[PDB]
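Have a look at the structure below before the remarks.
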Amino acid sequence: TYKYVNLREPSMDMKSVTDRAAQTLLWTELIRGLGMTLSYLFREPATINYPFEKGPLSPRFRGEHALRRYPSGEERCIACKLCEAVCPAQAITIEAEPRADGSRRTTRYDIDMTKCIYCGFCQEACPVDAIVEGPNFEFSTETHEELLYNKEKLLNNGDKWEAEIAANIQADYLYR
Amino acid sequence: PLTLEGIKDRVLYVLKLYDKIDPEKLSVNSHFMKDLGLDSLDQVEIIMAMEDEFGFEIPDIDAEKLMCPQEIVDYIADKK
Amino acid sequence: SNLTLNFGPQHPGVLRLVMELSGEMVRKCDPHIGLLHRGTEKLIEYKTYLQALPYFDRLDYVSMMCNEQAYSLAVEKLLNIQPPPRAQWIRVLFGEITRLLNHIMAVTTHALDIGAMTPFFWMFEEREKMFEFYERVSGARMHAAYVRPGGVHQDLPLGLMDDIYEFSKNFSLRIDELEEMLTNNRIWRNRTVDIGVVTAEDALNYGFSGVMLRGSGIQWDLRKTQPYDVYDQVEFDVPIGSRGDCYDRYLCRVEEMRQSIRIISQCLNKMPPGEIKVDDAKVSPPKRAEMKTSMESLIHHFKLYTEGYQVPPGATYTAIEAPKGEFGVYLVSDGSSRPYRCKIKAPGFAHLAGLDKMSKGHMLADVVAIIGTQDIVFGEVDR
Amino acid sequence: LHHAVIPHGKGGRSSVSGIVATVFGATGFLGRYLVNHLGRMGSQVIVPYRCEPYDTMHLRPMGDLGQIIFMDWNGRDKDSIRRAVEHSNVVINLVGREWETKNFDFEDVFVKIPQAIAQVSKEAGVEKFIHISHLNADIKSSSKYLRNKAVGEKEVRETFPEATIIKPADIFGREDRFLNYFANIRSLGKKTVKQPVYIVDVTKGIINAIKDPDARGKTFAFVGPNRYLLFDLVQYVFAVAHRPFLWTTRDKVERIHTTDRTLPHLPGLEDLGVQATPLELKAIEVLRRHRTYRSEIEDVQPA
Amino acid sequence: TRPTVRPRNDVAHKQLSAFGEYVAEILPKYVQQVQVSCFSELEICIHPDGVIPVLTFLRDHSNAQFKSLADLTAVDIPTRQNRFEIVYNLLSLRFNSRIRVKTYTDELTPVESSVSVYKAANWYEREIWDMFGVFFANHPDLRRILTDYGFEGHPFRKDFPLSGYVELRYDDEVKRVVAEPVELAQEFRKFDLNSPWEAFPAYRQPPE
Amino acid sequence: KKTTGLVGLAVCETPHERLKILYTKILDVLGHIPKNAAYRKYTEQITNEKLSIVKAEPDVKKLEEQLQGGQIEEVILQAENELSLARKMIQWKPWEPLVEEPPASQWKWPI
Amino acid sequence: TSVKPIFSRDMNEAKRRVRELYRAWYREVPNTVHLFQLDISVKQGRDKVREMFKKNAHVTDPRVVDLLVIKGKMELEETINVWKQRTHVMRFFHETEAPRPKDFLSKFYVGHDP
Ligand SMILES: NC(=O)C1=CN([C@@H]2O[C@H](COP(=O)(O)OP(=O)(O)OC[C@H]3O[C@@H](n4cnc5c(N)ncnc54)[C@H](OP(=O)(O)O)[C@@H]3O)[C@@H](O)[C@H]2O)C=CC1
Ligand code: SF4
Ligand code: SF4
């Protein structure tokens, strides 16, 4: 099934050749293109004002991941190293120790935001949903030192909001 | 003005102009590769320096079979 | 002698071109490419399958789902898995969406690379809505991985196909207005008609693929000859070019956009409500509720994300009709959890191979028009 | 010394060398080359700056990820200086503007700046303080510049007795003051011996003095290998700059007409152990910007 | 076996078996292995003295057109004497078929350089020369495509490491970009993922 | 007919006699090939079958759609290419036995 | 072991091709040091060219010497063209090493280095 184009001959009927000559001399289709540009001139602009109207998004947006914690409880992570095993950029660095209580925990949970391609594999590989790719786009960092998140920048970032992250997960826990 | 003794003298001063030759110790049976102890690297340096100064193209097999300053002079007298 | 110009990486994509030109009408042009060299093949050799899937997502970067589809069909072909039907239909719908996206960016960047400024802005508003669809589906702006070997991961949320229907109607009107604006525009026809003719014999010997084969005669569609998926059940036709012109190739790209609109319409009208992923927990990860309240699902989740699934030993070469042409992937897999050696056939690389025959007897503005008129992204050309 | 002060492996670019250098000034010429060699060493460089962050932005990408650090200071408050040398292995004093201002003069920059920092670095408890001074800095007259640097040498010898006073000659480099000052002109003809020394040999001497003890306490002097006349120097730099031609203060012209002399009562480069380079190689390096398109090596070498 | 298992066809399998037997009958001089895989793509394993005869036969002969050339690679396999495997990947136009001509070579052997019978193989051959290290004799131009000029080492081998030996950085001494030995900031942790327990019994090689 | 679809393939004017003299040249050059090779048998078989299809056609479109090979002048290019490999396979002697074998522990894959 | 050659038959053509390539590299340096505006005299450049030729001096196999001739001829073509920049030609030299010593004692003060 092929539908091929560019097949016409110049018709030696007088009307077709005089219409092509009128196109060549009287500048028809160039003024037609001017008419199309004027038709988009008299529209309304499809712009949004940035610093007052932030653009639309999705409830599964990926960016600025942080660690969650239990409802009225401790840290949610286990240091099971699933996210370090699956991280395709190899950005995760986990060092684990148990505390005095006996539950297995961490010492070091360092992510390079510079190396992070922002997949979502550490969002989906975590069995207890400890690390979740957050909602927003607020990095804009002046130094290369500050884009290397420790465990405590991650926990302050997971304590700066959980209501957002809990709302997005409660919106979308029946798909994944 | 091209005489063979001028050829020998001009090869003599351009070999003196070459710096890495140590010592001077120049003759007609000098044999600057084994009696004077230099590489074939220095051989092709010297013969292309002859090419640069007053020579013909001087192909590399004929360049390799020179090995001697009087024989360089005689090859110059051959092709010129 | 003749003027040996050195066009550097400035913008007229990004390359270096050394042209020994004669006198405003050239003699011998050589593209020094490889400036955007990254090391994708060595990196995939030292990584696993699921982890090195985003390398196949971004080795080509304007197409973003056909490259995923090619690698996922390579792994699903080697691993002997037929994906479920609803995954196949969503894969077809997003293949047509990405095809529409790549053709419209190629049209607009060729128009701006000549110098026309405004339909760039119009059709990039349309492509902003395209990226809104990608955001709502996956969560990423551009680089949605989203296509696992084992079918579509995490199916589309409720309330999407109505938006795709609205976008279909409005986009048909907008491409009709693009043909209203350009296309019998006189100075643009004067800009590109008789430049870059390609004989079909040379189109086969120089290894041209996709749109170049459509423009230079011979009828060759992978979607029509070798149906690798449910394309055999949707009815469409491919456009063919009579003359080897650049204007002809432009018309062919516009009509492939229009046929992508047809396939999107029939794919919306004939969606089956089958399932997201395959019926095998050892390849696709199990869903999270069964993971939590099941032992074997937790074990398969844990091993399937640490070690990954193994692949039986063997070598395959599949290739699909990406909008640039026959995007090919040749996997060689020792029986293990990592691939042994992958390699990528790039239609942009094969098209850029014939730049001498496309720019032998023309001038340098026509050389810029020839570099623009093939959808070459210079990240895929590197491999 | 605590751990993470021991060295590790090879040199530079996240290869941990064993020094932490607080480098005063460091925004101009010589401090930028010294921060270059310390970032090549792979150290931690604490640079304090009082200027705009744009100049320390231009010297910023020298060190590796977070190796160098930036902090503010002033010439009035001892608290910011003690905050700068809270914990530091070594500290070097490289400061001084070649012309006066309305807020800081030649007076008391070289008296009030090094006394305060040497006092707070002795009280903070660091070792290996290296202070640069100009050659021929004497109590004898004809320069406010040179008599103030002589008072500075005497004061930094008096307080903090285990200091390394080191003194170069009129150093020349890629972004020099005096040789670029010679090229940017239009002139007279007199006789004056003067020996430039190239800047990378001087900073190799500084890093060898800063990581190679048995040189603490003793004052050193940098002597270039040339020691020749000024008139043939000017004609050589014009001949290499391809122009025939047969802030400009009085203190600068009297510095370039001061006869630089050397005394071997203090050791030079060989007792420290780094090779010196002659003029002409680096002179053909720095003398760009001839004309539109535009060798004759003079090599006077007097006495 | 009906859901979620890829259905194979036997018509293409029988046809590719018959055609591979036919090819090896009509070219007895250069043919060693004729294999058809389970998913019906033909592979012909070839001594490196017949690259030009096999490809001039296969581009022509009117019973197998094979006009188009795709991937060329020479997968860098240790453990053998002849390391590299050059894979010409031929696609027809009149037939809808795919064959892989796999010829073998070691590190120091010129293969017969298919640029004269496939003009698409020009940059493919130059790229395989630059990346692997297999010289191609009677060939117009061999330069370095996809690598830096001052870089060498033929990096796609298994012997060249992941990170290279040189690493560029700008410095203000010589006011330019210089090359230094690599000092990584993180280890690149290699994972020991190849678990035992023999996930495929059908591919067991016979032991000694 | 006039101006077929391919670009650098200008139309023919006499298909029948041109294709017949092409195949007489094929059978001649193939007559110079040795006999006990299989290549002579398969080529002479397929070329006699194709020529015998050509011998009894009065039309053009019937020959195009009846004889496989599709478009009429691509058949002519295909015939010229097969004559070129016949001239090349007078040389190169491919019917001789196998050239020297590999070390035989090589074509096994799974390593 | 009847091996296919590259160019040669024994070491004689190998020595002939390498002395041809050295003649080309000798007459190719001063043009480039005038062109790319380097900072190094012609004699030092020629000394490091002959040092690069003296580096591979223990090579005996004729195919290997043929392949080194091919490498040198490719790089000489890329330097007689203006494709390579100032960076790569200065990258042939070594001005920014701060070179590590070879005595056992200074390898002992910066240790773990056999
Ligand atoms: N001819 C030469 O170049 C020679 C120079 N020297 C010595 O080298 C040193 C550096 O000289 P050079 O780089 O050429 O010139 P600069 O004046 O540019 O370097 C001095 C540095 O200290 C800073 N500085 C100077 N005065 C003050 C002040 N009052 N308060 C705060 N910061 C100050 C300067 O500017 P900023 O405040 O912006 O940081 C700059 O960073 C001087 O001490 C000089 O005696 C020695 C021998 C020869
Ligand atoms: S996958 Fe989750 S529980 Fe496991 S180490 Fe990572 S964040 Fe912690
Ligand atoms: S999203 Fe970032 S941190 Fe998470 S797996 Fe990907 S690269 Fe690693």
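By convention in this document, the chains of the structure tokens carry letters A, B, ... by their order, each chain's residues are numbered from 1, and ligands are numbered from 1 in the order they are shown.
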* List all protein, DNA and RNA residues that have at least one atom no more than 10 Å from any atom of ligand 3, counting only C-alpha atoms and all ligand atoms, and write them as a ChimeraX atom specification. => /A:62-65,82-93,110-125,131-133 /C:51,54
With N, CA and C atoms kept, could you save the residues just selected as a compact mmCIF listing (two decimals), in the first residue's frame?
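Here's the written file again-v6.txt:
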```txt
# COMPACT_ATOMS: atom_id res chain seq x y z
N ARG A 62 9.27 12.86 38.75
CA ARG A 62 10.50 12.31 39.28
C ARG A 62 11.55 13.41 39.39
N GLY A 63 12.07 13.61 40.60
CA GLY A 63 13.03 14.66 40.87
C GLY A 63 13.04 15.06 42.33
N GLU A 64 14.23 15.30 42.89
CA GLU A 64 14.46 15.64 44.30
C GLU A 64 13.90 14.56 45.23
N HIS A 65 14.55 13.41 45.13
CA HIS A 65 14.23 12.29 46.00
C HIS A 65 14.73 12.51 47.43
N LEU A 82 19.34 -2.64 48.11
CA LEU A 82 18.67 -2.82 46.83
C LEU A 82 18.84 -1.61 45.92
N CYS A 83 18.75 -0.41 46.48
CA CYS A 83 18.87 0.78 45.64
C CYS A 83 20.31 0.97 45.16
N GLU A 84 21.29 0.63 45.99
CA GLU A 84 22.68 0.65 45.54
C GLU A 84 22.93 -0.42 44.49
N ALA A 85 22.26 -1.57 44.60
CA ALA A 85 22.43 -2.61 43.58
C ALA A 85 21.80 -2.21 42.25
N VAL A 86 20.68 -1.49 42.28
CA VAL A 86 19.99 -1.19 41.03
C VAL A 86 20.36 0.15 40.41
N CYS A 87 21.09 1.01 41.11
CA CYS A 87 21.35 2.37 40.64
C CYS A 87 22.21 2.39 39.39
N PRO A 88 21.66 2.76 38.22
CA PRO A 88 22.41 2.56 36.97
C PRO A 88 23.54 3.54 36.81
N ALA A 89 23.46 4.71 37.41
CA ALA A 89 24.58 5.63 37.42
C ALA A 89 25.64 5.25 38.44
N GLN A 90 25.33 4.31 39.33
CA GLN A 90 26.10 3.98 40.53
C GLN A 90 26.39 5.24 41.34
N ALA A 91 25.31 5.85 41.80
CA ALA A 91 25.39 7.06 42.59
C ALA A 91 25.18 6.82 44.08
N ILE A 92 24.52 5.73 44.44
CA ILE A 92 24.20 5.45 45.84
C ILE A 92 25.44 4.93 46.55
N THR A 93 25.67 5.39 47.78
CA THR A 93 26.73 4.87 48.63
C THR A 93 26.13 4.59 50.00
N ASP A 110 24.71 8.22 50.99
CA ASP A 110 25.12 9.38 50.21
C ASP A 110 24.72 9.20 48.76
N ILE A 111 24.07 10.21 48.20
CA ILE A 111 23.65 10.21 46.80
C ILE A 111 24.32 11.38 46.12
N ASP A 112 24.87 11.15 44.94
CA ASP A 112 25.35 12.25 44.10
C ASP A 112 24.20 12.66 43.20
N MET A 113 23.71 13.88 43.37
CA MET A 113 22.71 14.40 42.45
C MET A 113 23.31 14.71 41.10
N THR A 114 24.63 14.93 41.05
CA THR A 114 25.32 15.14 39.80
C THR A 114 25.34 13.88 38.95
N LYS A 115 25.64 12.73 39.56
CA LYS A 115 25.65 11.49 38.80
C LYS A 115 24.25 10.99 38.48
N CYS A 116 23.25 11.38 39.26
CA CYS A 116 21.91 10.81 39.18
C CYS A 116 21.23 11.19 37.87
N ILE A 117 20.95 10.18 37.04
CA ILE A 117 20.19 10.35 35.80
C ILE A 117 18.69 10.55 36.05
N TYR A 118 18.23 10.32 37.28
CA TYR A 118 16.82 10.38 37.70
C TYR A 118 15.97 9.37 36.92
N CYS A 119 16.23 8.08 37.17
CA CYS A 119 15.41 7.05 36.53
C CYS A 119 14.09 6.89 37.27
N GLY A 120 14.18 6.45 38.51
CA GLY A 120 13.03 5.90 39.20
C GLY A 120 13.27 4.47 39.64
N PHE A 121 14.44 3.90 39.32
CA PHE A 121 14.70 2.54 39.75
C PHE A 121 14.94 2.45 41.25
N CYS A 122 15.50 3.48 41.86
CA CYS A 122 15.55 3.46 43.32
C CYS A 122 14.22 3.80 43.95
N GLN A 123 13.32 4.46 43.22
CA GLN A 123 11.96 4.62 43.72
C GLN A 123 11.23 3.30 43.74
N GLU A 124 11.39 2.49 42.70
CA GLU A 124 10.61 1.28 42.55
C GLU A 124 11.28 0.04 43.11
N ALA A 125 12.58 0.10 43.40
CA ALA A 125 13.29 -1.05 43.91
C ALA A 125 13.20 -1.17 45.42
N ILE A 131 12.96 5.55 49.96
CA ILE A 131 13.35 6.63 49.07
C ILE A 131 12.31 6.78 47.97
N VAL A 132 11.82 8.01 47.79
CA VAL A 132 10.79 8.31 46.80
C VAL A 132 11.21 9.57 46.06
N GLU A 133 11.21 9.50 44.73
CA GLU A 133 11.44 10.68 43.90
C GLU A 133 10.36 11.72 44.16
N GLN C 51 19.68 -2.33 33.95
CA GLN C 51 20.41 -1.14 34.33
C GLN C 51 20.92 -0.38 33.12
N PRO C 54 18.60 2.50 30.02
CA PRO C 54 18.61 3.93 29.67
C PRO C 54 19.71 4.37 28.70
```
* Output as a list in words all residues of range 199-361 of chain C that backbone DSSP marks as strand (DSSP E or B). =>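 Everything in range 199-361 of chain C that counts as strand (DSSP E or B) is residues 238, 241, 311, 314, 315, 316, 317, 318, 319, 320, 321, 322, 325, 326, 327, 328, 329, 330, 331, 332, 333, 336, 341, 342, 343, 344 and 345 of chain C.
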* To do: Would you list, as a ChimeraX atom specification, the residues of chain A that end up in alpha helix (DSSP H) under DSSP run on this structure's backbone?
  => /A:14-26,28-41,82-86,121-125,151-159,163-171
Can you write out as JSON lines which residues of chain D fall within 7 Å of ligand 1, alongside each residue's closest atom pair and its distance in Å to one decimal, counting only C-alpha atoms and all ligand atoms and ordering rows by chain and ascending residue number?
```
{"residue": "D:25", "atom": "CA", "partner": "ligand 1", "partner_atom_place_in_ligand_line": "22 (O)", "distance": 3.7}
{"residue": "D:26", "atom": "CA", "partner": "ligand 1", "partner_atom_place_in_ligand_line": "41 (O)", "distance": 4.8}
{"residue": "D:27", "atom": "CA", "partner": "ligand 1", "partner_atom_place_in_ligand_line": "41 (O)", "distance": 3.7}
{"residue": "D:28", "atom": "CA", "partner": "ligand 1", "partner_atom_place_in_ligand_line": "18 (O)", "distance": 3.9}
{"residue": "D:29", "atom": "CA", "partner": "ligand 1", "partner_atom_place_in_ligand_line": "13 (O)", "distance": 3.8}
{"residue": "D:30", "atom": "CA", "partner": "ligand 1", "partner_atom_place_in_ligand_line": "13 (O)", "distance": 4.8}
{"residue": "D:31", "atom": "CA", "partner": "ligand 1", "partner_atom_place_in_ligand_line": "13 (O)", "distance": 6.4}
{"residue": "D:49", "atom": "CA", "partner": "ligand 1", "partner_atom_place_in_ligand_line": "39 (O)", "distance": 5.7}
{"residue": "D:50", "atom": "CA", "partner": "ligand 1", "partner_atom_place_in_ligand_line": "37 (O)", "distance": 5.7}
{"residue": "D:51", "atom": "CA", "partner": "ligand 1", "partner_atom_place_in_ligand_line": "38 (O)", "distance": 5.1}
{"residue": "D:74", "atom": "CA", "partner": "ligand 1", "partner_atom_place_in_ligand_line": "31 (C)", "distance": 6.6}
{"residue": "D:75", "atom": "CA", "partner": "ligand 1", "partner_atom_place_in_ligand_line": "30 (N)", "distance": 5.8}
{"residue": "D:94", "atom": "CA", "partner": "ligand 1", "partner_atom_place_in_ligand_line": "43 (O)", "distance": 4.6}
{"residue": "D:95", "atom": "CA", "partner": "ligand 1", "partner_atom_place_in_ligand_line": "22 (O)", "distance": 3.8}
{"residue": "D:96", "atom": "CA", "partner": "ligand 1", "partner_atom_place_in_ligand_line": "25 (C)", "distance": 3.9}
{"residue": "D:97", "atom": "CA", "partner": "ligand 1", "partner_atom_place_in_ligand_line": "17 (O)", "distance": 3.7}
{"residue": "D:98", "atom": "CA", "partner": "ligand 1", "partner_atom_place_in_ligand_line": "17 (O)", "distance": 5.8}
{"residue": "D:104", "atom": "CA", "partner": "ligand 1", "partner_atom_place_in_ligand_line": "29 (N)", "distance": 5.6}
{"residue": "D:109", "atom": "CA", "partner": "ligand 1", "partner_atom_place_in_ligand_line": "29 (N)", "distance": 6.1}
{"residue": "D:132", "atom": "CA", "partner": "ligand 1", "partner_atom_place_in_ligand_line": "7 (C)", "distance": 6.5}
{"residue": "D:133", "atom": "CA", "partner": "ligand 1", "partner_atom_place_in_ligand_line": "45 (O)", "distance": 5.6}
{"residue": "D:134", "atom": "CA", "partner": "ligand 1", "partner_atom_place_in_ligand_line": "46 (C)", "distance": 4.5}
{"residue": "D:135", "atom": "CA", "partner": "ligand 1", "partner_atom_place_in_ligand_line": "47 (C)", "distance": 6.9}
{"residue": "D:167", "atom": "CA", "partner": "ligand 1", "partner_atom_place_in_ligand_line": "47 (C)", "distance": 7.0}
{"residue": "D:168", "atom": "CA", "partner": "ligand 1", "partner_atom_place_in_ligand_line": "47 (C)", "distance": 5.3}
{"residue": "D:169", "atom": "CA", "partner": "ligand 1", "partner_atom_place_in_ligand_line": "47 (C)", "distance": 5.6}
{"residue": "D:170", "atom": "CA", "partner": "ligand 1", "partner_atom_place_in_ligand_line": "48 (C)", "distance": 4.4}
{"residue": "D:171", "atom": "CA", "partner": "ligand 1", "partner_atom_place_in_ligand_line": "48 (C)", "distance": 5.1}
{"residue": "D:176", "atom": "CA", "partner": "ligand 1", "partner_atom_place_in_ligand_line": "3 (O)", "distance": 6.5}
{"residue": "D:177", "atom": "CA", "partner": "ligand 1", "partner_atom_place_in_ligand_line": "3 (O)", "distance": 5.8}
{"residue": "D:178", "atom": "CA", "partner": "ligand 1", "partner_atom_place_in_ligand_line": "1 (N)", "distance": 6.2}
```
* To do: Would you mind listing what lies within 9 Å of residue 336 in chain C as number ranges by chain, with only C-alpha atoms counted and same-chain residues fewer than 3 positions away left out?
  => C: 309-313, 333, 339-340; E: 194-195, 199
Next, dump the selected residues to file, keeping only C-alpha atoms, as an mmCIF file, in the first residue's frame.
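The resulting file, result09.cif, is reproduced below:
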```cif
data_model
loop_
_atom_site.group_PDB
_atom_site.id
_atom_site.type_symbol
_atom_site.label_atom_id
_atom_site.label_comp_id
_atom_site.auth_asym_id
_atom_site.auth_seq_id
_atom_site.Cartn_x
_atom_site.Cartn_y
_atom_site.Cartn_z
ATOM 1 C CA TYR C 309 17.156 -12.082 34.928
ATOM 2 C CA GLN C 310 19.544 -14.231 32.987
ATOM 3 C CA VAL C 311 19.512 -14.410 29.205
ATOM 4 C CA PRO C 312 20.229 -17.628 27.273
ATOM 5 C CA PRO C 313 23.440 -17.516 25.234
ATOM 6 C CA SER C 333 24.864 -12.470 25.076
ATOM 7 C CA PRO C 339 25.195 -8.788 27.886
ATOM 8 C CA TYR C 340 28.522 -9.611 26.309
ATOM 9 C CA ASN E 194 27.073 -14.026 38.310
ATOM 10 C CA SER E 195 25.307 -16.425 40.645
ATOM 11 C CA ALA E 199 20.059 -21.414 34.735
#
```
* **For range 44-50 of chain B: contacts at 12 Å, only C-alpha atoms, fewer than 4 positions along chain excluded, given as a ChimeraX atom specification** => /B:7,10-21,32-33,38-40,54-69,71-73,75-76 /G:15-27,46-47,50
Go through chain D residue by residue and, counting only C-alpha atoms, keep those with an atom at most 9 Å from chain E; for each kept residue give the shortest atom pair and its distance in Å to one decimal, ordered by chain and increasing number, as CSV.
```
residue,atom,partner,partner_atom,distance
D:10,CA,E:183,CA,8.5
D:11,CA,E:183,CA,8.8
D:12,CA,E:183,CA,7.9
D:13,CA,E:183,CA,6.3
D:14,CA,E:185,CA,6.3
D:15,CA,E:183,CA,7.0
D:32,CA,E:172,CA,8.7
D:33,CA,E:173,CA,7.1
D:36,CA,E:172,CA,6.9
D:37,CA,E:173,CA,8.5
D:40,CA,E:171,CA,8.9
D:61,CA,E:170,CA,8.6
D:62,CA,E:171,CA,7.0
D:65,CA,E:185,CA,9.0
D:174,CA,E:173,CA,8.7
D:200,CA,E:173,CA,7.9
```
* Just need the residues of chain E within 9 Å of chain F, counting only C-alpha atoms, so spit them out as a ChimeraX atom specification. => /E:25-33,45,47,49,53,56-57,59-63,65,79-82,94,203-205
Written file, previous selection with C-alpha atoms, as a short mmCIF file (atom, residue, chain, number, x, y, z; two decimals), in the first residue's frame:
```cif
data_model
loop_
_atom_site.label_atom_id
_atom_site.label_comp_id
_atom_site.auth_asym_id
_atom_site.auth_seq_id
_atom_site.Cartn_x
_atom_site.Cartn_y
_atom_site.Cartn_z
CA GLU E 25 26.88 -26.36 -1.60
CA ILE E 26 27.58 -23.68 -4.20
CA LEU E 27 30.53 -22.18 -2.29
CA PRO E 28 32.50 -25.17 -0.96
CA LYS E 29 35.79 -23.33 -0.60
CA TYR E 30 35.14 -20.90 2.25
CA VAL E 31 32.32 -22.38 4.38
CA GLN E 32 32.78 -23.98 7.83
CA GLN E 33 29.64 -23.50 9.92
CA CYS E 45 30.89 -18.86 9.60
CA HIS E 47 37.52 -18.33 6.81
CA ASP E 49 40.24 -15.64 2.56
CA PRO E 53 34.10 -13.74 -3.14
CA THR E 56 30.34 -10.45 -4.52
CA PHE E 57 28.37 -13.66 -4.74
CA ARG E 59 25.22 -9.02 -3.64
CA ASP E 60 24.47 -10.63 -7.02
CA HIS E 61 23.55 -14.14 -8.37
CA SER E 62 19.82 -13.20 -8.74
CA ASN E 63 18.55 -15.93 -6.40
CA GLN E 65 19.85 -10.23 -3.87
CA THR E 79 40.36 -17.27 25.05
CA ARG E 80 40.92 -18.00 21.33
CA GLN E 81 43.88 -17.71 19.01
CA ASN E 82 41.91 -15.76 16.41
CA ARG E 94 13.38 -8.58 -2.86
CA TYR E 203 23.65 -25.12 26.94
CA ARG E 204 25.91 -27.37 29.02
CA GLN E 205 29.25 -27.86 27.32
#
```
